[PDB]
Amino acid sequence: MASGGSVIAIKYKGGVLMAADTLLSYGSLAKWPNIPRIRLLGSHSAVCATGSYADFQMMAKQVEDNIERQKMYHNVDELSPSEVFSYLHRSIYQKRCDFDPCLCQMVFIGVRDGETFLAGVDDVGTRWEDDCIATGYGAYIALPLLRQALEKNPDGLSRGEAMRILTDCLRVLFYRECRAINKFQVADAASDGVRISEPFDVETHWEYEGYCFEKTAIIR
Amino acid sequence: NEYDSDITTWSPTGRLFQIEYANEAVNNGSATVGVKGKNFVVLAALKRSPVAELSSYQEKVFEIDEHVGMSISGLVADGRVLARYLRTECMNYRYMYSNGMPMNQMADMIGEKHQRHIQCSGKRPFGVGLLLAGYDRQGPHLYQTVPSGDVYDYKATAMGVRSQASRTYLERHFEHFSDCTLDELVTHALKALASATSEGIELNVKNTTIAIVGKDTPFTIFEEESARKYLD
């Protein structure tokens with residue numbers, strides 16, 4: 001029951017960013033705060049899951065292997081991101097049909113030849129593609145903010161604006177998602193392939209005047 | 001020949017006669033040619049030509065998915081088995097990855113299917129040769145396959161009866177095919193296919209199929225409207 005919390009992603013002009021805390025929880029217990037939850041798949045894609053890490057790990061191994069073997073064994077071009085995503089989605093669905101569900105929601109990103117790809121898949125095989133995507137509490141807390149940033153920049157976001165807004169959301173998830181930590185990694189998919197950032201933290205604000213002891217006291 | 005009755009029997013010179021005999025099935029099917037340009041692959045198959053006013057279709061050429069299809073020679077019923085197999089493997093692949101099965105992987109497969117039928121008692125070699133033409137991210141492809149399980153990646157080829165002459169023809173012209181247009185690829189195929197006709201028979205819309213496949217061109221068997229254009 002090691003589980004991973006929110007993932008969020010957004011397309012910028014040029015690429016995709018995906019971000020996640022580096023934390024696996026076990027119920028309420030914050031168990032491992034140094035888990036690299038984002039995982040590269042092939043040369044152009046990365047994936048990250050909310051939910052059962054064990055499911056995630058088994059699913060991500062299945063897909064990584066499929067990719068690597070298809071390519072090593074046949075003189076063929078690596079699978080595109082949509083193709084990998086397709087595979088993963090059908091894999092996840094087949095498992096829901098066997099009553100053996102892969103109990104994660106996943107976000108998937110990838111870039112090939114400046115075509116970008118960002119999708120979400122969920123335990124039952126729902127899948128969807130959008131300019132931003134989130135799972136877990138990301139979907140409740142960050143999507144509205146990310147969506148708002150894409151309404152305001154309908155020409156696409158820059159990498160910096162995108163990373164500014166991603167970061168704004170991480171901070172909000174940090175404040176409002178219980179099972180979270182202020183340590184994040186962000187994968188960036190672009191032309192070149194995908195890089196995962198070193199873990200980083202966001203600045204938090206806790207000193208609003210209304211948070212003071214006198215004001216929040218229940219009894220005067 | 002004490003050694004030619006079973007697919008599981010090597011001969012003392014290291015031959016497998018049942019496989020050489022399955023090859024004969026292919027050398028005795030109706031001729032088919034394929035050629036590969038920069039962007040396109042053309043299959044042309046001789047059919048069987050009217051017995052007076054008295055026709056006769058057999059399906060030689062098969063579409064297999066949008067991006068690939070094939071021409072067979074030899075035991076047509078084996079053709080159909082292989083066609084069913086390829087079709088099915090291509091749909092599974094397209095179901096899973098939402099894109100066409102790449103040709104080098106499909107050639108690997110069709111060759112593994114053949115091998116599965118040349119090593120155990122009571123299976124037998126497919127008595128059918130395939131030209132498989134298809135187009136993917138790596139460009140156009142043309143494979144010939146044979147009962148033995150071998151798969152050749154060709155630039156041009158022919159097989160079936162009198163197809164040695166089709167191969168003589170193709171050997172003169174094949175180095176140009178990478179520059180030719182679709183119309184000259186088709187011309188070149190038809191020319192080659194005709195070097196394989198018996199004496200004074202000639203090519204026409206009712207003893208010749210043409211399929212093409214290539215860039216932005218799903219695999220397409222040509223019917224009597226579009227074929228006529230190319231056959232004159």
# chains A, B, ... in the order shown; residues from 1 in each chain; ligands from 1
$ closest_atom_pairs --of "chain B" --to "chain A" --cutoff "12 Å" --atoms "only C-alpha atoms" --output "JSON lines"
{"residue": "B:92", "atom": "CA", "partner": "A:87", "partner_atom": "CA", "distance": 11.0}
{"residue": "B:93", "atom": "CA", "partner": "A:87", "partner_atom": "CA", "distance": 9.4}
{"residue": "B:94", "atom": "CA", "partner": "A:83", "partner_atom": "CA", "distance": 9.2}
{"residue": "B:95", "atom": "CA", "partner": "A:90", "partner_atom": "CA", "distance": 8.2}
{"residue": "B:96", "atom": "CA", "partner": "A:87", "partner_atom": "CA", "distance": 5.1}
{"residue": "B:97", "atom": "CA", "partner": "A:83", "partner_atom": "CA", "distance": 4.5}
{"residue": "B:98", "atom": "CA", "partner": "A:83", "partner_atom": "CA", "distance": 6.0}
{"residue": "B:99", "atom": "CA", "partner": "A:83", "partner_atom": "CA", "distance": 6.7}
{"residue": "B:100", "atom": "CA", "partner": "A:83", "partner_atom": "CA", "distance": 9.9}
{"residue": "B:101", "atom": "CA", "partner": "A:76", "partner_atom": "CA", "distance": 9.9}
{"residue": "B:102", "atom": "CA", "partner": "A:76", "partner_atom": "CA", "distance": 6.8}
{"residue": "B:103", "atom": "CA", "partner": "A:76", "partner_atom": "CA", "distance": 8.2}
{"residue": "B:104", "atom": "CA", "partner": "A:75", "partner_atom": "CA", "distance": 6.2}
{"residue": "B:105", "atom": "CA", "partner": "A:74", "partner_atom": "CA", "distance": 5.5}
{"residue": "B:106", "atom": "CA", "partner": "A:74", "partner_atom": "CA", "distance": 9.2}
{"residue": "B:107", "atom": "CA", "partner": "A:74", "partner_atom": "CA", "distance": 9.4}
{"residue": "B:108", "atom": "CA", "partner": "A:74", "partner_atom": "CA", "distance": 7.5}
{"residue": "B:109", "atom": "CA", "partner": "A:74", "partner_atom": "CA", "distance": 10.1}
{"residue": "B:136", "atom": "CA", "partner": "A:76", "partner_atom": "CA", "distance": 9.6}
{"residue": "B:137", "atom": "CA", "partner": "A:77", "partner_atom": "CA", "distance": 7.4}
{"residue": "B:138", "atom": "CA", "partner": "A:77", "partner_atom": "CA", "distance": 7.4}
{"residue": "B:139", "atom": "CA", "partner": "A:76", "partner_atom": "CA", "distance": 11.0}
$ residues_around --residues "residue 26 of chain B" --least-positions-apart "5" --cutoff "10 Å" --atoms "only C-alpha atoms" --output "list in words"
residues 21, 31, 72, 73, 74, 75, 76, 126, 127, 128, 129, 130, 146, 147, 159, 160 and 161 of chain B
$ write_last_selection --atoms "N, CA and C atoms" --output "compact mmCIF listing (two decimals), in the first residue's frame"
# COMPACT_ATOMS: atom_id res chain seq x y z
N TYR B 21 10.67 -29.17 -51.48
CA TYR B 21 9.57 -29.64 -52.30
C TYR B 21 8.45 -28.63 -52.15
N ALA B 31 3.00 -16.14 -61.57
CA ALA B 31 4.07 -15.19 -61.38
C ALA B 31 3.54 -13.98 -60.65
N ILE B 72 0.48 -13.74 -53.17
CA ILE B 72 1.02 -15.05 -52.92
C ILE B 72 1.20 -15.84 -54.19
N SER B 73 2.08 -16.81 -54.09
CA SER B 73 2.22 -17.80 -55.13
C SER B 73 2.43 -19.17 -54.48
N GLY B 74 1.78 -20.16 -55.06
CA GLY B 74 1.86 -21.52 -54.57
C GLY B 74 0.49 -21.93 -54.08
N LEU B 75 0.47 -22.68 -53.00
CA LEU B 75 -0.74 -23.27 -52.51
C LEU B 75 -1.61 -22.21 -51.90
N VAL B 76 -2.63 -21.86 -52.64
CA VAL B 76 -3.43 -20.74 -52.27
C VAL B 76 -4.01 -20.92 -50.88
N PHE B 126 4.53 -24.48 -45.25
CA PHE B 126 3.66 -23.74 -46.13
C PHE B 126 4.19 -23.87 -47.54
N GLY B 127 3.29 -24.15 -48.46
CA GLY B 127 3.71 -24.32 -49.83
C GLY B 127 3.44 -23.04 -50.58
N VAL B 128 3.73 -21.91 -49.95
CA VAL B 128 3.35 -20.65 -50.55
C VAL B 128 4.45 -19.63 -50.33
N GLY B 129 4.67 -18.83 -51.35
CA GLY B 129 5.63 -17.75 -51.31
C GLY B 129 4.84 -16.48 -51.12
N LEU B 130 5.35 -15.49 -50.40
CA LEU B 130 4.65 -14.23 -50.25
C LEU B 130 5.54 -13.13 -50.78
N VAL B 146 9.48 -17.55 -48.13
CA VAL B 146 9.51 -18.85 -48.75
C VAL B 146 9.20 -19.92 -47.71
N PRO B 147 8.82 -21.10 -48.19
CA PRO B 147 8.47 -22.17 -47.27
C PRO B 147 9.50 -22.44 -46.18
N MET B 159 8.36 -13.98 -58.31
CA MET B 159 8.41 -15.38 -58.01
C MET B 159 7.28 -16.03 -58.74
N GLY B 160 7.28 -17.35 -58.73
CA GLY B 160 6.31 -18.09 -59.50
C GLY B 160 6.92 -18.51 -60.82
N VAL B 161 6.04 -18.97 -61.73
CA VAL B 161 6.43 -19.65 -62.96
C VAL B 161 7.09 -18.64 -63.87
$ residues_around --residues "residue 163 of chain B" --least-positions-apart "2" --cutoff "9 Å" --atoms "only C-alpha atoms" --output "count of residues only"
19
$ select_by_dssp --residues "segment 2-172 of chain B" --states "helix (DSSP H, G or I)" --output "number ranges by chain"
B: 17-27, 76-97, 103-115, 163-172
$ closest_residue --among "A:51, A:101, A:114, A:120" --to "residue 10 of chain A" --atoms "only C-alpha atoms"
A:120
$ select_by_dssp --residues "segment 40-214 of chain B" --states "strand (DSSP E or B)" --output "number ranges by chain"
B: 40-46, 61-65, 68-74, 128-136, 139-145, 151-153, 156-159, 208-214
$ closest_residue --among "B:50, B:29, B:218, B:125" --to "residue 82 of chain B" --atoms "only C-alpha atoms"
B:125
$ closest_residue --among "B:156, B:64, B:19, B:231" --to "residue 202 of chain B" --atoms "only C-alpha atoms"
B:231
$ residues_around --residues "residue 175 of chain A" --least-positions-apart "4" --cutoff "12 Å" --atoms "only C-alpha atoms" --output "ChimeraX atom specification"
/A:137-138,141-142,168-171,179-182,202-206
$ residues_around --residues "residue 178 of chain A" --least-positions-apart "6" --cutoff "10 Å" --atoms "only C-alpha atoms" --output "PyMOL selection string"
chain A and resi 5+28+30+137
$ atom_distance --atom1 "atom CA of residue 60 of chain B" --atom2 "atom CA of residue 47 of chain B"
7.4 Å
$ atom_distance --atom1 "atom CA of residue 89 of chain B" --atom2 "atom CA of residue 92 of chain A"
20.4 Å
$ closest_residue --among "B:181, B:119, B:23, B:56" --to "residue 214 of chain B" --atoms "only C-alpha atoms"
B:181
$ atom_distance --atom1 "atom CA of residue 40 of chain A" --atom2 "atom CA of residue 193 of chain A"
9.7 Å
$ residues_around --residues "residue 217 of chain B" --least-positions-apart "5" --cutoff "10 Å" --atoms "only C-alpha atoms" --output "short mmCIF file (atom, residue, chain, number, x, y, z; two decimals) with N, CA and C atoms, in the first residue's frame"
data_model
loop_
_atom_site.label_atom_id
_atom_site.label_comp_id
_atom_site.auth_asym_id
_atom_site.auth_seq_id
_atom_site.Cartn_x
_atom_site.Cartn_y
_atom_site.Cartn_z
N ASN B 39 9.16 5.74 -52.39
CA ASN B 39 8.05 6.05 -51.50
C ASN B 39 6.92 5.03 -51.56
N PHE B 40 7.06 4.05 -52.46
CA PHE B 40 5.99 3.19 -52.90
C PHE B 40 6.52 1.79 -53.12
N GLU B 66 -3.83 -1.32 -43.37
CA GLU B 66 -3.86 -0.15 -44.23
C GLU B 66 -2.52 -0.06 -44.94
N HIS B 67 -1.47 -0.36 -44.20
CA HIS B 67 -0.14 -0.05 -44.63
C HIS B 67 0.57 -1.26 -45.21
N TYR B 135 4.41 -0.06 -45.91
CA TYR B 135 5.04 1.21 -45.73
C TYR B 135 4.97 1.60 -44.26
N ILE B 212 -0.64 -1.19 -54.84
CA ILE B 212 0.45 -0.30 -54.52
C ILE B 212 0.28 0.04 -53.07
#
$ residues_around --residues "residue 186 of chain B" --least-positions-apart "5" --cutoff "9 Å" --atoms "only C-alpha atoms" --output "PyMOL selection string"
chain B and resi 35+41-44+181+191+210+212+230
$ write_last_selection --atoms "N, CA, C and O atoms" --output "CSV table (one decimal), in the first residue's frame"
chain,number,residue,atom,x,y,z
B,35,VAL,N,8.1,-4.3,-56.8
B,35,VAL,CA,9.2,-3.4,-56.9
B,35,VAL,C,9.0,-2.3,-55.9
B,35,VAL,O,7.9,-1.9,-55.6
B,41,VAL,N,5.6,0.8,-53.0
B,41,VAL,CA,5.9,-0.5,-53.4
B,41,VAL,C,4.8,-1.0,-54.3
B,41,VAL,O,3.7,-0.8,-54.0
B,42,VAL,N,5.2,-1.7,-55.4
B,42,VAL,CA,4.2,-2.1,-56.3
B,42,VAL,C,4.2,-3.6,-56.4
B,42,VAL,O,5.2,-4.2,-56.6
B,43,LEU,N,3.1,-4.2,-56.2
B,43,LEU,CA,3.0,-5.7,-56.5
B,43,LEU,C,2.2,-5.8,-57.8
B,43,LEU,O,1.1,-5.2,-57.9
B,44,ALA,N,2.6,-6.7,-58.7
B,44,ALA,CA,1.8,-7.0,-59.8
B,44,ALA,C,1.8,-8.5,-59.9
B,44,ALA,O,2.9,-9.1,-60.0
B,181,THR,N,9.1,7.5,-60.5
B,181,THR,CA,7.8,7.9,-60.0
B,181,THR,C,7.0,6.7,-59.8
B,181,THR,O,7.3,5.6,-60.4
B,191,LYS,N,6.2,-4.5,-66.8
B,191,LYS,CA,7.0,-4.9,-67.9
B,191,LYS,C,7.6,-6.3,-67.5
B,191,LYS,O,7.5,-7.3,-68.2
B,210,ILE,N,-2.8,-5.3,-59.8
B,210,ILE,CA,-1.7,-4.4,-59.3
B,210,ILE,C,-2.1,-3.9,-58.0
B,210,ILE,O,-3.2,-3.5,-57.7
B,212,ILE,N,-0.6,-1.2,-54.8
B,212,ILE,CA,0.5,-0.3,-54.5
B,212,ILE,C,0.3,0.0,-53.1
B,212,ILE,O,-0.8,-0.1,-52.5
B,230,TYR,N,-3.0,2.1,-66.3
B,230,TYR,CA,-1.6,1.7,-66.2
B,230,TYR,C,-1.2,0.6,-67.2
B,230,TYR,O,0.0,0.4,-67.5
$ closest_residue --among "A:118, A:111, A:1, A:19" --to "residue 191 of chain A" --atoms "only C-alpha atoms"
A:111
